[PDB]
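Reminder, nothing fancy here: chain letters follow the sequence lines and each chain counts from 1.
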Amino acid sequence: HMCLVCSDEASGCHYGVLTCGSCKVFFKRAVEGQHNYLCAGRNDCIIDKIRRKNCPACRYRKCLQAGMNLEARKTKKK
Amino acid sequence: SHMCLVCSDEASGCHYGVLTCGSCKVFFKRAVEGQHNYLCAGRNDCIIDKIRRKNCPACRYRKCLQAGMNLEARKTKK
DNA sequence: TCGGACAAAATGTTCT
DNA sequence: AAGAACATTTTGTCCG
Ligand SMILES: [Zn+2]
Ligand SMILES: [Zn+2]
Ligand SMILES: [Zn+2]
Ligand SMILES: [Zn+2]
């Protein structure tokens, strides 16, 4: 299937969302680093397999908007 | 006479013909030496500043060329 | 699914 | 100034 963030091949539902392993780990690192990324464009960068490295701000924004959340399994269990 | 012409960080000298910081110097060398088949995720006018210069190597390399960076600056100069 | 360990890629600094 | 070595950061895969 397809990662909902970067369109690469997805490796499961991570943190609530069908995503590839690279996006899974990017997301956990972003949340736990509480990094404050800034876009160099217009907050609408193309995030695909090549370009996902280019804008961590837009990649992270796509993660969050797709509904990724570290407590996804904890919420869904409930 | 103080600022990197590519990213606006503090320049360290006049490298490959242009006033630049050390990071832009070696970024340009690596880009020319090798391949630079970079892809912009924006509209080819990414802002290249001290933080964001890492986001888009395509626009960073474009700004190096536009500023006139070239490997044989010192030969050409002589 | 999740995350630790390891590895690769990409970037940046020292040069006593 | 330019470049090799060294070093760090950022990203991605392998395992369990
Ligand atoms: Zn992805
Ligand atoms: Zn962006
Ligand atoms: Zn610079
Ligand atoms: Zn760009």
For atom NZ of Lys24(A) and atom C1' of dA5(C), their distance in whole Å: 12 Å

Heavy atoms of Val17(A) and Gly67(A) approach each other most closely as CG2-C, 3.6 Å

Taken to the nearest whole Å, CD/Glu9(A) to P/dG12(D) is 16 Å

Spacing between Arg60(B) atom CZ and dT10(D) atom P, to the nearest angstrom: 13 Å

State the pairing partner of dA5(D); accept Watson-Crick or G-U wobble contacts with both distances under 3.5 Å, and report none otherwise. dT13(C)

Using 30° and 60° as the class limits, which term best fits the ring planes of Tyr60(A) and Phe26(A): parallel, tilted or perpendicular? perpendicular

Would you call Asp48(A) and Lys53(A) a salt bridge, using N to O less than 4.0 angstrom? no

Can you spot which of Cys6(A), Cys45(A), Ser7(A), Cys58(A) makes a side-chain contact (heavy atoms from CB on, under 4.5 Å) with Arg52(A)? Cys6(A)

In whole angstroms, how far is the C1' atom of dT10(D) from the CD1 atom of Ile51(B)? 16 Å

What is the distance, rounded to the nearest whole Å, between atom CE of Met69(B) and atom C1' of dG3(D)? 13 Å

Take the protein atom CG of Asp9(B) and the nucleotide atom P of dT13(C), then report the distance between them rounded to whole Å. 8 Å

Taking OP1 and OP2 of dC2(C), is either one under 4.0 Å from a side-chain nitrogen or oxygen of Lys28(A)? no

Among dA2(D), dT11(C), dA10(C), find the nucleotide with the atom closest to the side chain of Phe27(B). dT11(C)

Return the nearest nucleotide to the side chain of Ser22(A); candidates are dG12(D), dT11(C), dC2(C). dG12(D)

If you look at every strand shown and take non-hydrogen atoms under 4.0 Å, does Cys21(B) touch a base, only sugar-phosphate, or nothing? nothing

To the side chain of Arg74(B), which of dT11(D), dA2(D), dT13(D) is closest? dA2(D)

What is the distance, rounded to the nearest whole Å, between atom CZ of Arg52(B) and atom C1' of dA10(C)? 19 Å

Interatomic distance where CG belongs to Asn70(B) and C1' belongs to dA1(D) [whole Å]: 13 Å

For the side chain of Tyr15(A), starting at C-beta, report the closest nucleotide among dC2(C), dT10(D), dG12(D). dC2(C)

Under 4.0 Å between a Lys/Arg side-chain N and an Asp/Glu carboxylate O for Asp45(B) and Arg62(B)? no

For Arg29(A) and for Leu70(A), find the nucleotide of DNA chain C with the closest heavy atom, then tell me which residue's nucleotide is more 5'. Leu70(A)

